[PDB]
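A quick write-up on the structure given underneath.
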Amino acid sequence: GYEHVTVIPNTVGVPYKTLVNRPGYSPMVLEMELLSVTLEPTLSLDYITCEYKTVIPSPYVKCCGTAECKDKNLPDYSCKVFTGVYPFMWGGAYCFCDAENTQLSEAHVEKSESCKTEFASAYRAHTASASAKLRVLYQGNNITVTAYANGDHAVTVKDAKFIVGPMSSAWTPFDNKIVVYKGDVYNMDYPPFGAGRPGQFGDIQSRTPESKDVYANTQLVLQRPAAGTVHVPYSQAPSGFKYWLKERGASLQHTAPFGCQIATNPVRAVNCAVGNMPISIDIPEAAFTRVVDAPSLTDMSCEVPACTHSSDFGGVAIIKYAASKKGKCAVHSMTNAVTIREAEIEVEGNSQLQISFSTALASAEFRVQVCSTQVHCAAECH
Amino acid sequence: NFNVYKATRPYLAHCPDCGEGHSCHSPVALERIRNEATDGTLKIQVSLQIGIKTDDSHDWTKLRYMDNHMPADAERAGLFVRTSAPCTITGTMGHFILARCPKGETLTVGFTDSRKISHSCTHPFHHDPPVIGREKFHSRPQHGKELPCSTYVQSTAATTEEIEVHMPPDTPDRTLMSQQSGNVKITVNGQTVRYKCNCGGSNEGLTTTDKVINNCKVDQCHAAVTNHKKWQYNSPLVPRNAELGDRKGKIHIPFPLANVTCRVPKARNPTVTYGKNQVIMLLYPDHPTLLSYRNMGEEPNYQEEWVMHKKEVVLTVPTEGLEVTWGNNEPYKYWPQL
Amino acid sequence: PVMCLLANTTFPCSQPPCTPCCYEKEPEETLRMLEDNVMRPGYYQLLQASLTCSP
Ligand SMILES: *[C@@H]1O[C@H](CO)[C@@H](O[C@H]2O[C@H](CO)[C@@H](O)[C@H](O)[C@H]2NC(C)=O)[C@H](O)[C@H]1NC(C)=O
Ligand SMILES: *[C@@H]1O[C@H](CO)[C@@H](O)[C@H](O)[C@H]1NC(C)=O
């Protein structure tokens, strides 16, 4: 029937009061509270990174001969033949010859066994999908509405059609390029695949965690073995992933502005206090009551026995009334400086009602609308 | 009743420090130290085999190491792991050891043999595991916050992870050669021996029988025992077999890495006092606790400090709001009164 | 099923001709056979059968 359009700030855990005024019908008060606001960006996995493994097999010690290095199609493949080597084992010299003996040192880089368990993912973040969970005090009961904050997603709860958004701010704590490690998200302009530097994030790059082929750039250089010693000494830049793990600093959960809460699986921005949120509620005709059909309010008076000016409902007000008939009446403050806790009260006849109110003013002058009649309240808050 | 240790054997490999900074052919030589586990657990690979006897039978109280030419039995009790101070061994099977170590710059793995003689191997290894959560605690609690962490599972079973194995190289041994009377006598002793002499006639093989080299000196000859019947880890500290080409084998290994849960304690909530656009907290930590804070507006201005002992903190609460995180506890949110 | 190789002949990986106690009967040729089947997908089926004894 009647469509009520209102705008509330994008702040979670704050109840807001809205007055629905349909011409020729009794006013309606609705309490709205944002339970959660989720910003889930669309992800495109470029690659994953982890600790690398330097595979070093047994060195080929060619006694009385010269070993030869072959070009192998392996990541960071290094081969070097060392001349004039006379290696010693437990029971003396390994080679019969004193002279012409050579050692072939072999090494290559591949994915570590840890890569399936310990890894960081490089994602391309673009166009965030906004969604909201809203609590509505509708007909004396709390209703939960979960809808996309785009302004083109109608969700109907208790015959009332809800259209949330579009968001005033298109702001996201995530940049175009993001890095994800377990429960932590980082804004990082990561190097592209096949462009990773040694000792830095991306020294080893794998398109998927199950991938057989990997990119490697670790500055692996094989060194000459010690006199009479069988071993493969080498110089290599330490793990870029291991270095990043200690040098990454605080994640987006701790650094993001507007008090953003960051969650993973899927990656999302929760409760980012930025901008406002328009809310459209299509209330059906049957929910509204005509002035002839609704109770009439006369001989009204208001008294404030106790008041404290604070963030919570520190004020108490007693409103005496004379009603023509029994029925439900909406309670709303006509002054923006004062907010009333209850939205609806059951009217009887020659009885009185008690309301709870919140204000910041020491001298609170406010008007209370019970059904279609207004009553002035004078309050001295401490 | 399948046993992979029938084929494999413990071995002697190069170690840079066997004690007092001197290099040796160690029966407890260090191959690879893995530190991928976020919980601080180290997966250490050694040249000997734990939990297996010389007859291949599985016995948790026993250890097998290469004694000169043939493997020998040693006690599991005598096995030790240390960095700057002794480590806590969490699991042992074959060439692998699981240990929880304190902060150090070196890693030592040792044992005691049959006739005492302590054998150890020291390698330079920077060990300083990162903190799990936001509190630097000493002992692990029963109850606490469940945070994701990785470890090497204590399970005996060998699946997923693997190592490369191959036949061992020719082991040189000068005791195989003797002089009879002024010639060279090579005693095979029921083994396949490869010999080379700087004399004429016969100087080749690869012999399964005893051989004699007339008119030759003991210094002019070289003898080595070939194995071919056993397997050994593809170690970069042991030479490759010259006779065979790129012949390789592979075996499954115990203790693979997997995601688990680490219990972390939550620091007690500080006594909170409020003021005009500011919050005052009296912090009482039992151990080092991370204290972090940020503004809930356009300029968050993130600040962090590790609280060691009793400290009073005065924080300014802006109109936009202030978020404070005290250790492993959920973040506290503060707003000024309108 | 899953085939393995022995010099010039093909056989199912789980059933080498040396069974039972392949390693006990002839240790050298058992390891040589295993080395020739490392690239084969049914290598671990062959490893299990070759290193199992007690009939
Ligand atoms: C350890 O945790 C990771 C997550 O941090 C697990 O994630 C994997 O899940 C899938 C199946 O194992 C695969 O698609 C990927 O390897 C990876 N994917 C994602 C999205 O995380 C992983 O299984 C865990 N590893 C073990 C050994 O338990
Ligand atoms: C539900 O509505 C009641 C009034 O009947 C109110 O007290 C309460 O705060 C609402 N629920 C929540 C979770 O705020």
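For the structure tokens, the naming scheme is as follows: chains receive sequential letters (A, B, ...) according to their order of presentation, residues are indexed from 1 within each chain, and ligands are indexed from 1 in presentation order.
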
Please extract the residues at most 9 Å from ligand 1, counting only C-alpha atoms and all ligand atoms, and provide them as a list in words, using the chain letters and residue numbers of this document.
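Counting only C-alpha atoms and all ligand atoms, the residues within 9 Å of ligand 1 come out as residues 114, 115, 116, 117, 118, 119, 120, 121, 181, 182, 183, 208, 209, 210 and 265 of chain A; 148, 150, 160, 256, 257, 258, 259 and 260 of chain B.
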
Name all residues at most 12 Å from residue 65 (chain B) (count only C-alpha atoms; drop same-chain ones fewer than 3 positions away) and give them as an MDAnalysis selection string.
chainID B and resid 8:13 26:29 46:54 62 68:76 79 94:95 110:114 119

Residues within 8 Å of ligand 2 (only C-alpha atoms and all ligand atoms), as a VMD selection string?
chain A and resid 15 33 135 137 140 to 142 342

Those of region 91-325 of chain A in DSSP helix (DSSP H, G or I), formatted as a list in words:
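Taking region 91-325 of chain A and keeping helix (DSSP H, G or I) gives residues 113, 114, 115, 116, 240, 241, 242, 243, 244, 245, 246, 247, 252, 253, 254, 255, 285, 286 and 287 of chain A.
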
Residues of chain B were defined as contacting chain A if any atom lay at most 7 Å from it, counting only C-alpha atoms; please report them as a PyMOL selection string.
chain B and resi 14+25+36+161+172-174+196+222+234-240+242+257-259+296-300+302+337-338

Go ahead and write the selection's residues with C-alpha atoms as a PDB file, in the first residue's frame.
ATOM      1  CA  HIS B  14      79.223 -35.101   6.906  1.00  0.00           C
ATOM      2  CA  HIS B  25      81.669 -38.487   9.564  1.00  0.00           C
ATOM      3  CA  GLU B  36      56.845 -24.351   8.770  1.00  0.00           C
ATOM      4  CA  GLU B 161      54.854 -36.590   2.425  1.00  0.00           C
ATOM      5  CA  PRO B 172      86.307 -47.181   1.252  1.00  0.00           C
ATOM      6  CA  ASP B 173      88.030 -49.511   3.765  1.00  0.00           C
ATOM      7  CA  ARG B 174      91.832 -49.998   4.050  1.00  0.00           C
ATOM      8  CA  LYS B 196      92.125 -50.710  -7.873  1.00  0.00           C
ATOM      9  CA  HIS B 222      92.558 -48.799  -3.046  1.00  0.00           C
ATOM     10  CA  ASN B 234      69.323 -39.288  -1.375  1.00  0.00           C
ATOM     11  CA  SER B 235      71.615 -37.205   0.895  1.00  0.00           C
ATOM     12  CA  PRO B 236      73.733 -34.279  -0.423  1.00  0.00           C
ATOM     13  CA  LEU B 237      76.259 -35.178   2.362  1.00  0.00           C
ATOM     14  CA  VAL B 238      76.901 -38.704   0.880  1.00  0.00           C
ATOM     15  CA  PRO B 239      78.284 -39.241  -2.718  1.00  0.00           C
ATOM     16  CA  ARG B 240      76.159 -40.722  -5.555  1.00  0.00           C
ATOM     17  CA  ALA B 242      79.194 -44.150  -9.779  1.00  0.00           C
ATOM     18  CA  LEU B 257      52.183 -30.804   8.352  1.00  0.00           C
ATOM     19  CA  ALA B 258      48.423 -30.068   8.913  1.00  0.00           C
ATOM     20  CA  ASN B 259      46.108 -27.306  10.312  1.00  0.00           C
ATOM     21  CA  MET B 296      36.647   4.568  14.152  1.00  0.00           C
ATOM     22  CA  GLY B 297      36.746   7.477  11.650  1.00  0.00           C
ATOM     23  CA  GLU B 298      38.561   8.655   8.473  1.00  0.00           C
ATOM     24  CA  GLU B 299      41.960   8.793  10.291  1.00  0.00           C
ATOM     25  CA  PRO B 300      42.343   5.514  12.307  1.00  0.00           C
ATOM     26  CA  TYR B 302      46.886   2.692  14.497  1.00  0.00           C
ATOM     27  CA  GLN B 337      28.482  10.979  25.528  1.00  0.00           C
ATOM     28  CA  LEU B 338      26.415  13.488  23.475  1.00  0.00           C
TER      29      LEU B 338
END

Within 10 Å of region 11-15 of chain C, counting only C-alpha atoms, which residues qualify if same-chain residues fewer than 3 places away don't, as a compact mmCIF listing (two decimals) with C-alpha atoms, in the first residue's frame?
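Generated output (selection-v2.txt):
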# COMPACT_ATOMS: atom_id res chain seq x y z
CA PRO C 1 44.33 -52.97 -13.16
CA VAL C 2 47.56 -51.11 -12.63
CA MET C 3 50.59 -52.24 -14.51
CA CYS C 4 54.23 -52.21 -13.47
CA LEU C 5 57.39 -53.17 -15.45
CA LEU C 6 60.20 -55.76 -14.97
CA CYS C 18 58.73 -62.72 -6.58
CA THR C 19 55.86 -62.94 -3.97
CA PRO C 20 56.02 -63.92 -1.07
CA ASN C 37 58.80 -48.12 -11.40
CA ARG C 40 54.59 -45.34 -12.51
CA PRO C 41 51.31 -44.32 -10.70
CA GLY C 42 51.09 -47.75 -9.00
CA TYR C 43 54.56 -47.50 -7.39
CA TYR C 44 53.27 -47.59 -3.76
CA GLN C 45 51.15 -50.70 -4.55
CA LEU C 46 54.42 -52.37 -5.73
CA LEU C 47 56.40 -51.03 -2.69
CA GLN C 48 53.76 -52.46 -0.29
CA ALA C 49 53.74 -55.95 -1.94
CA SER C 50 57.57 -56.19 -2.34

Can you pull out every residue from region 97-332 of chain B that DSSP, working from the backbone, puts in strand (DSSP E), and format the result as an MDAnalysis selection string?
chainID B and resid 97:100 104:113 116:127 145:152 162:166 171:172 177:179 184:186 192:197 206:207 211:213 221:226 232:233 249:252 257:264 271:275 278:283 289:295 303:307 311:316 322:326 332
